[PDB]
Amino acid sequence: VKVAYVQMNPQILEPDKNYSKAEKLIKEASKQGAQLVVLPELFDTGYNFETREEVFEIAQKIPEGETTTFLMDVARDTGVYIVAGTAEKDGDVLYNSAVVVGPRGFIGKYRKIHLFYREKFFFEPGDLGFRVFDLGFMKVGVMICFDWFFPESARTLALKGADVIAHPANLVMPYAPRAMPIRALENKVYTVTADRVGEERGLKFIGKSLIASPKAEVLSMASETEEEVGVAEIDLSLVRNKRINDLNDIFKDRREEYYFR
């Protein structure tokens, strides 16, 4: 099975422009054979808000709102599964979320657990835990952006049987691209970090989207500045068998009685 990132430059406060760009690139990923496509964090709203009001005013409910229903449409037309970062309105509150859709409809959502820098001024910390979505042919865990920084994020997803971790990102620090192959290695999973590119009100994003294998190899890596799609095939066996040799299995060998105490 082929998985893909879409690396795009979301236009702040312009969802329709971002829907148009997303559809375009998701179609390119589809045409290159991808079955799972991952978009960046906050792909619909952009990131660097001055005020909560400017995002709250346009943020969409999940699953009834425009971002989710747009993605359903594209999933249905292209026949791919999509994981995409979106601002989530839920009553008076806002979450920094990711929605999971398939060609047959809405699958689920994840709310970012570890908020980064000024996100804490706009978003409520995620409260649904680290979820793994079973697509039948594979299990997809989701984490967003700065969640990478905590090794417990990827570990919790891998422990719940993620085959691939879809990872919408809007990276500003330089570290994640070198850390993601380690996250893939230490859990024996695949990772798909779909980063944005661009400059938004003085803040520059690092691009460098990448697909990492359970042997910490980089299967696809994107430029710093360009909008692009990257596709790689993934080996479900390389991830469903936690053996690293005949004497060691990663999950059998963990000794939780000695961790965090």
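The numbering used is simple: start at 1 and walk along the sequence shown.
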Stretch with the greater mean C-alpha B-factor as recorded in the entry, comparing 146-154 against 70-78:
70-78
Once average C-alpha B-factors are taken from the entry for 189-197 and 58-66, the winner is 58-66
Hey, out of 125, 141, 103, 85, whose CA B-factor is highest in the deposited coordinates?
103
Comparing C-alpha B-factors across 162, 166, 93, 98 in this entry, the winner is 93
Where does residue 202 sit by CA temperature factor within its chain: lowest, middle or highest third?
highest
Lowest, middle or highest third: which one holds residue 178 when the chain's residues are ordered by CA B-factor from the entry?
highest
Would you mind ranking residue 232 by its C-alpha B-factor against the rest of the chain and naming the third, lowest, middle or highest?
highest
Considering every modelled residue of the chain and its Cα B-factor in the PDB entry, is residue 245 in the lowest, middle or highest third?
highest
B-factor third for the C-alpha atom of residue 133 within its chain
middle
